[PDB]
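Everything on this sheet refers to the single structure shown next.
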Amino acid sequence: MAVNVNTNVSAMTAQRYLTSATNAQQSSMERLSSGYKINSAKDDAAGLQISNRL
Amino acid sequence: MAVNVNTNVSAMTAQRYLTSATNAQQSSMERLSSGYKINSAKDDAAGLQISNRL
Amino acid sequence: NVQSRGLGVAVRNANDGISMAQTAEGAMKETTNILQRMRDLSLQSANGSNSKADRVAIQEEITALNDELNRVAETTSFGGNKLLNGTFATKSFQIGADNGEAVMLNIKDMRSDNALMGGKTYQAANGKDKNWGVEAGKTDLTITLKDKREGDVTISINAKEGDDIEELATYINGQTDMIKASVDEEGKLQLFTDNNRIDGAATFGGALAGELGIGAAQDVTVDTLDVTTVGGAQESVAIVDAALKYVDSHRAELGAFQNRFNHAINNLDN
Amino acid sequence: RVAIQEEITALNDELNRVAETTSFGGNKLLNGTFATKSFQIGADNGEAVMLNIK
Amino acid sequence: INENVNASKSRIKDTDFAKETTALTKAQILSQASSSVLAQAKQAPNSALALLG
Amino acid sequence: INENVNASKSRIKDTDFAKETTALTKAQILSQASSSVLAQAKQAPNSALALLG
Amino acid sequence: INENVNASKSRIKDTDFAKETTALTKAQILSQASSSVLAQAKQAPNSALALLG
Numbered sequence: 001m002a003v004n005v006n007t008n009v010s011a012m013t014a015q016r017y018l019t020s021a022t023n024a025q026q027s028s029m030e031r032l033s034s035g036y037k038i039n040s041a042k043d044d045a046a047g048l049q050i051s052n053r054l
Numbered sequence: 001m002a003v004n005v006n007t008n009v010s011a012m013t014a015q016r017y018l019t020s021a022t023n024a025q026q027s028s029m030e031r032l033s034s035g036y037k038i039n040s041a042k043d044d045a046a047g048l049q050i051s052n053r054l
Numbered sequence: 055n056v057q058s059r060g061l062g063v064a065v066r067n068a069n070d071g072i073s074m075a076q077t078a079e080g081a082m083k084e085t086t087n088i089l090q091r092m093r094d095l096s097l098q099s100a101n102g103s104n105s106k107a108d109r110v111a112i113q114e115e116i117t118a119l120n121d122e123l124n125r126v127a128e129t130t131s132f133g134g135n136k137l138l139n140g141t142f143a144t145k146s147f148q149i150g151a152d153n154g155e156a157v158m159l160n161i162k163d164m165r166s167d168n169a170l171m172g173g174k175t176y177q178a179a180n181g182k183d184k185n186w187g188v189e190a191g192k193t194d195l196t197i198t199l200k201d202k203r204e205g206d207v208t209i210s211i212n213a214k215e216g217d218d219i220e221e222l223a224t225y226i227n228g229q230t231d232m233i234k235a236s237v238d239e240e241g242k243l244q245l246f247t248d249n250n251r252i253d254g255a256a257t258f259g260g261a262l263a264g265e266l267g268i269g270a271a272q273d274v275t276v277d278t279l280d281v282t283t284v285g286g287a288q289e290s291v292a293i294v295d296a297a298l299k300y301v302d303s304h305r306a307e308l309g310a311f312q313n314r315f316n317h318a319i320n321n322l323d324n
Numbered sequence: 109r110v111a112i113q114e115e116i117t118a119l120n121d122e123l124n125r126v127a128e129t130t131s132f133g134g135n136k137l138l139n140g141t142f143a144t145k146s147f148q149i150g151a152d153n154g155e156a157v158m159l160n161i162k
Numbered sequence: 325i326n327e328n329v330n331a332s333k334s335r336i337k338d339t340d341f342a343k344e345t346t347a348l349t350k351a352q353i354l355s356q357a358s359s360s361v362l363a364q365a366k367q368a369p370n371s372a373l374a375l376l377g
Numbered sequence: 325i326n327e328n329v330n331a332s333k334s335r336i337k338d339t340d341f342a343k344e345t346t347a348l349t350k351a352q353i354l355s356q357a358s359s360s361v362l363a364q365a366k367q368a369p370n371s372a373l374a375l376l377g
Numbered sequence: 325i326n327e328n329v330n331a332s333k334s335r336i337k338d339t340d341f342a343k344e345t346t347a348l349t350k351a352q353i354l355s356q357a358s359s360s361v362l363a364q365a366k367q368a369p370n371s372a373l374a375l376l377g
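Chains as they are written, first to last, in the entry's author numbering: chain B, 1 to 54; chain Y, 1 to 54; chain S, 55 to 324; chain X, 109 to 162; chain Z, 325 to 377; chain V, 325 to 377; chain W, 325 to 377.
What follows is the structure in structure tokens.
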């Protein structure tokens, strides 16, 4: 591979998977404090409607 | 043989093994971050299908 | 000297072929991710627990993801090209010092309305309620199939006596992987046929087939995938599984192409 | 196994390509058209060494 | 089943940090050694010049 | 896509320091050698004159 | 709203450290690379003089 200094593909891959982890980590730490796995509509659409009805 | 300046065969051979060394190293540093040894079909085409089914 | 310069250009063109392959594979993963998301959610909508108000919420989310597959099929460009639109025909990459030794590449269309992303379906004309069961002498169910590989396959299903309309579908699913069955709301079986391997119409015969409805062949794809009642929910997961198989098969072909070219670079360098 | 056969038939074209691509300035080293070539490595004629590539 | 299929979704898709890290480290030493070989490969033409100033 | 197109924006626009520096080095000794040829070729007219006073 | 607008008041104003530090490091190697280029570019006139003492 072209050993260069302008582009760091490996760094970009590490960054992409870093936020792939911290986004799920930030997705947690808020369901632990709230005590609900459903607190925003983006978690489970069907679950929100049935939970509100329940 | 040829103590020349226009062709550096030894440098070319070091070039090729440098390419193969950091191609596999670039393949690494992303299995660790992602946590999967299967993330593209080029790693294992057969493994991808069965892993997705599982 | 001409060969040496040609090899340098050859590894450049070959590397471009690798980059075009992995760019397609980048959106390949997202296409798989969405398809799985529909499949698990369709399982949730297949519940008899949720009401129509919950299922319409499911369809709203499903049609949201459906627009995503259509969008990603057009967004993936790689500098003005169209990798997944289907407009990308067979492009040959010149990977040698001389001419004529190119390697063809085909990236199939992956719009959600693609024929290979769905398949055929058949519906029972008359449903069977809970009290109904399979009676003696009416259990044979022979299905004639046309297959892309080892075609003209005839499989016979002998339903166990006393089986109701629901466990009958489970029995058919277990006996063969070529057919997917499920009852919707009154006992009508929804036989599914995956298009990319079971091409052609399927003929139904036997005493049990006459007891139920033979049904016609209806083409359904992911774009036409609609889940508003549990019947469409059982249909959709079968459709999604066929789509996932097609996407994975296309991913594997791209992967082997990547390996051919990775082995091409070090050969050309040698 | 269908996907595995896809990888096998893909690699199969690779041998059929490299056997026809290895040229060394327009020759055909592995295509099979390379017959027994004799290299003259002596001061006079007749002192050659034959070589065949299958 | 769910316990065991998840186990089967390991060593098929999941990576071990045991043998992967050694593969990474071996690559680091290999690339460092190859790059240092380049350093001594550059002056080979230079020594060829030195016979005639 | 952005990750992979950046990879394609390499060996297309980006230069690898390994094969490029050795090309620079080869040219440096090429310049040093070629210049010394001129210095050795200045005395050809000089020795040409020396045959007659 | 306050929680969400603070989340929105980031990646438009707040910087990250993942991609930014790599940008800093890439800049640093760039600075050392071009600075060393000056070292090899300063001797080019010197070799011009060397042909005639």
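Cβ atoms here follow ideal geometry from the backbone N, Cα and C, with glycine treated the same way.
- 8 Å or more divides the Cβ of X:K136 from the Cβ of X:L159.
- Z:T346 and S:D302 have their C-alpha atoms roughly 31 Å apart.
- Judged by DSSP in its simplified three-state form, S:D302 adopts helix.
- At a cut-off of 8 Å between beta-carbon atoms, W:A331 makes no contact with chain V.
- Taking the Cα positions, S:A179 is about 51 Å away from V:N328.
- Beta-bridge partners of Z:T349 (DSSP): none assigned.
- Excluding its 5 nearest sequence neighbours in each direction, Z:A351 has no C-beta neighbour in its own chain below 6 Å.
- The continuous beta strand (DSSP E) containing X:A156 extends over residues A156 to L159.
- For the pair S:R314 and S:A296, the Cα-to-Cα distance works out to about 27 Å.
- The beta-carbon separation of B:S10 and Y:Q26, rounded to 5 Å, stays under the 8 Å limit for a contact.
- For Y:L18, the closest Cβ of chain B is nearer than 8 Å.
- With respect to the 8 Å criterion, S:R91 and S:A127 are not classified as neighbours on the basis of their beta carbons.
- At a beta-carbon threshold of 7 Å, the residues of chain X lying near S:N321 are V126, ordered along the chain.
- Considering only beta carbons, the part of the stretch 6 to 17 of chain B lying closer than 8 Å to chain Y consists of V9, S10, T13, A14 and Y17, in chain order.
- Proximity of V:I325 to chain S, defined by a Cβ-Cβ separation below 8 Å, is satisfied.
- If you check the CB distance, S:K200 and S:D253 come in under 8 Å.
- Contact note: S:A100 does not reach chain B at a C-beta cutoff of 8 Å; the least C-beta distance is about 11 Å.
- Separation of the CB atoms of Y:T22 and Z:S355 is rounded to 5 Å, and the pair is thereby assigned contact status at 8 Å.
- Linking W:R335 to W:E344 through their CA atoms gives a straight-line distance of about 12 Å.
- For S:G285, the CB contacts under 6 Å within the same chain, skipping 5 residues up- and downstream, are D238 and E239 in chain order.
- Neighbours of Y:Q25 in chain Z, taken as residues at a C-beta separation under 7 Å, are given in chain order as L348, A351, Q352 and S355.
- If you draw a straight line from the Cα of Y:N39 to the Cα of S:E155, it comes to about 31 Å.
- The C-alpha of S:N104 is placed about 24 Å away from the C-alpha of S:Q177.
- Distance check between S:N212 and each of S:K192, S:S290 and S:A270 places S:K192 closest, using alpha-carbon atoms only.
- Straight across, the Cα-Cα distance linking Y:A24 with S:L279 is about 42 Å.
- Taking 8 Å as the CB threshold, S:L308 lines the interface with chain Y.
- The beta strand (DSSP E) runs of length 3 or more contained entirely in the stretch 211 to 276 of chain S are, from start to end of the chain, 244 to 248, 257 to 259 and 272 to 274.
- A distance of 8 Å or more separates the beta carbons of S:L195 and S:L89.
- For X:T129, the secondary structure class from DSSP, reduced to helix, strand or coil, is helix.
- When secondary structure is reduced to three states using DSSP, X:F147 falls in the strand class.
- For B:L18, the enclosing alpha helix (DSSP H) starts and ends at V9 to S27.
- Under the 8 Å criterion on CB atoms, Y:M1 is classed as non-interfacial with respect to chain B.
- For V:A342, the chain B residues whose Cβ falls inside 7 Å of its Cβ are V3, in order along the chain.
- No Cβ of chain Y is located within less than 8 Å of the beta carbon of X:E122.
- Taken through DSSP and simplified to helix, strand or coil, S:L195 comes out as strand.
- For S:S303, the chain X residues whose C-beta falls within less than 9 Å of its own C-beta are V110, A111 and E114, listed in chain order.
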